[PDB]
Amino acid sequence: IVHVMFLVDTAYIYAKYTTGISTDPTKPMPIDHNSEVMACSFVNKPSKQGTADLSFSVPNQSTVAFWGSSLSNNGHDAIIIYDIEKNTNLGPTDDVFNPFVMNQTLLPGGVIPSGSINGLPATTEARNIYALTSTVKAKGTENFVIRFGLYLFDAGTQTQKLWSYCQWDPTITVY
């Protein structure tokens, strides 16, 4: 099971994009490649050889899970991915992944810090978790579209509020 951290620099995006802000998720605001990083484990043999924003090697049919997060681990600003699909606007590309799905599950025993000065020992408690998941169909290079909501912390309400739905067009390679 290959996990991919999808990190977003919300502060940068809020600084740069002052127009074209969208709260219609079918018409998200396009953003450049400077504020997002996708990270996976070394055991999945990542490769900085190539032009792809992410590259790794795992057997066909392995499960892949994408976890979106702001730089505050969704504790201050936050992001939630709502779409991951093949991008056809850049010409033919490979069918590397099966359709992604929003996958919500119960984690019966998730650990959190306890109320001690250093947080130890951890307590375990149930919690819902979510990831966008798929499976590797075949080796190849696939252009993608990734859309997510960008939620900014509002100090007034102490709540995270939608600022804009956004879209990034990475390329991913399974070799």
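A residue's number is simply how far along the shown sequence it sits, counting from 1.
According to the PDB record, 56 to 64 carries the higher mean C-alpha B-factor of the two stretches 56 to 64 and 109 to 117. In this entry, the higher average B-factor at the C-alpha atoms falls on 47 to 55, of the pair 119 to 127 and 47 to 55. The residue among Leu150, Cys40, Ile146, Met29 whose C-alpha carries the highest B-factor in the deposited model is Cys40.
Ranked within its chain, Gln167 lands in the lowest third, by CA B factor from the PDB record. The deposited CA B-factor of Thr141 belongs to the middle third of values across its chain. In the deposited entry, the Cα temperature factor of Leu71 sits in the middle third of values across the chain's modelled residues. When the modelled residues of the chain are ordered by C-alpha B-factor, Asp77 sits in the lowest third.
Ranked by Cα temperature factor within the chain, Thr10 sits in the lowest third according to the deposited record.
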